Amino acid sequence: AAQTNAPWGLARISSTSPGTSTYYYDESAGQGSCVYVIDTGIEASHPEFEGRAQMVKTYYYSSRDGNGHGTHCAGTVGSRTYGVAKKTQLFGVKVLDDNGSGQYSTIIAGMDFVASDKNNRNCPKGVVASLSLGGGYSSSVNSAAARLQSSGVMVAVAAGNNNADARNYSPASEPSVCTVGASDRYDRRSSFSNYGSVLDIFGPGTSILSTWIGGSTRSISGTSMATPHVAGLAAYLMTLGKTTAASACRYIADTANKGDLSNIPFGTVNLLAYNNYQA
Ligand SMILES: [Ca+2]
Ligand SMILES: [Hg+2]
Ligand SMILES: [Hg+2]
């Protein structure tokens with residue numbers, strides 16, 4: 001299939017070269033897989049989700065996304081127009097408050113929750129978890145991510161927006177998970193993107209158009225925007241049977257666009273998510 005005039009990030013992900021505008025992809029579009037979006041929540045009622053989204057857990061008074069970025073993230077994962085895996089199932093887990101904040105304790109609980117909950121869902125093709133959040137190093141937060149990963153869920157997490165080494169950030173510093181850095185339209189590392197040996201891959205994260213609360217759309221930037229591209233790509237490949245939850249991150253890196261990025265400091269991988277689609 002082909003999506004003309006797609007958002008830059010989607011096109012990038014299906015091209016060996018920057019500057020294209022069509023998103024090529026397999027019609028299967030991730031049907032059969034499930035992506036948990038651990039964020040501020042999801043405006044499930046957004047027409048872009050086509051009823052493929054559901055809230056399954058909140059740690060606050062309401063299950064609603066009063067922030068928007070959670071909706072944005074989910075959109076990049078599997079919205080009709082803005083998503084990578086256009087036919088995936090989305091489950092929102094509200095660990096962050098309407099201000100976009102959350103306590104380590106809550107975030108951990110949210111991870112333990114997905115590990116369990118997945119057992120009651122029908123996701124024949126696999127389970128993914130997308131975590132566009134983080135903070136200062138914590139061994140417990142890291143540990144929670146590792147458990148989730150070991151439970152059979154493909155865990156994708158943002159590298160952080162400090163323009164620093166991701167080693168001092170959690171759950172970014174957890175080696176067993178998939179740490180995602182940001183890239184811009186010109187194949188440059190995103191100015192704010194964290195880097196370091198702990199990163200596994202880069203995805204598009206500068207000026208990302210996607211869904212927003214109130215049934216609208218919005219373009220924002222961050223390693224937070226890149227993460228969902230990877231989570232989406234993972235769901236997509238899983239339904240294709242190319243890879244499993246345990247080896248997805250490595251499969252993505254193996255098959256990535258190599259050496260295309262600029263502004264990549266020595267010691268950081270130079271790999272860009274790539275779907276390798278061939279009509
Ligand atoms: Ca890793
Ligand atoms: Hg987000
Ligand atoms: Hg987002």
Side-chain angles (χ1 to χ4, degrees), residues 7-10 35-43 46 48-49 53 65-79 81-84 90 92-102 107 110 129-134 142 145-146 148-150 154-161 166-167 169-182 190 194-213 216-232 234 245-254 256 268-269 271 273:
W8 84 263
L10 300 182
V35 182
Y36 285 79
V37 189
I38 311 160
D39 236 282
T40 63
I42 316 167
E43 179 176 279
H46 200 117
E48 278 283 317
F49 294 121
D65 183 12
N67 178 291
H69 96 139
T71 299
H72 199 270
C73 279
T76 294
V77 165
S79 64
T81 306
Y82 316 99
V84 173
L90 310 141
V93 178
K94 180 173 182 59
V95 298
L96 307 171
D97 68 16
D98 287 338
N99 282 143
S101 313
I107 287 150
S130 209
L131 282 127
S132 316
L133 49 69
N142 279 11
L148 191 59
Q149 177 77 39
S150 95
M154 192 283 181
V155 181
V157 308
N161 298 1
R167 91 174 39 121
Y169 300 90
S170 293
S173 56
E174 171 48 43
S176 68
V177 304
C178 212
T179 307
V180 185
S190 290
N194 279 172
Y195 46 91
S197 62
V198 81
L199 266 66
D200 297 283
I201 192 80
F202 281 78
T206 306
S207 291
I208 308 296
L209 178 71
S210 192
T211 50
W212 202 253
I213 62 175
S216 63
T217 60
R218 202 104 137 191
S219 161
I220 57 173
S221 306
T223 52
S224 213
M225 287 64 250
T227 301
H229 288 264
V230 174
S247 63
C249 191
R250 188 145 122 177
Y251 179 84
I252 290 168
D254 281 336
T268 307
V269 299
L271 313 154

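Residue numbers count from 1 along this sequence. Whatever order the structure lists ligands and atoms in, that order sets their numbers, starting from 1. Keep in mind that the numbers below use all heavy atoms, side chains included, and drop hydrogens, waters and symmetry copies.
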* **Residues that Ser197 engages under side-chain contact (heavy atoms from CB on, under 4.5 Å), provided they are two or more places apart** =>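 Scan of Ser197 (side-chain contact (heavy atoms from CB on, under 4.5 Å), adjacent residues dropped) gives none.
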
* **Stepwise side chain to side chain contact (heavy atoms under 4.5 Å, CB included) check, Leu133 with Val95** => CA-CA 10 Å; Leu133 49 69; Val95 298; 3.9 Å; yes

* **Every N, O or S from the protein that is nearer than 3.0 Å to the Ca ion (ligand 1)** =>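 Listed by chain and number: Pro175 O, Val177 O, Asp200 OD1, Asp200 OD2.
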
* **Interatomic distance, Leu271 atom CG to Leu199 atom CG [nearest 0.5 angstrom]** => 10.0 Å

* Can you measure from CE (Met154) to CD1 (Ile252) and round to the nearest 0.5 angstrom? => 4.5 Å

* To do: Heavy atoms only: give me the nearest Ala158-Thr223 pair and the separation to one decimal.
  => CB-OG1, 3.4 Å

* Asked: For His72, what is the atom name of its N, O or S atom nearest to the Hg ion (ligand 3)?
  -> ND1

* Taking atom types as modelled, find out whether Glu48 and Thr81 have a side-chain donor-acceptor pair closer than 3.5 angstrom. =>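 Note: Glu48 and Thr81 side chains meet the donor-acceptor criterion.
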
* To do: Say whether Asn142 and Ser173, considering side chains only, have a donor N or O and an acceptor N or O under 3.5 Å apart.
  =>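 Indeed, the side chains of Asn142 and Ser173 share at least one donor-acceptor pair under 3.5 Å.
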
* Round to 10° and report the angle made at the Hg ion (ligand 2) by ND1 of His69 and SG of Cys73. =>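 Nearest ten degrees: 150°.
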
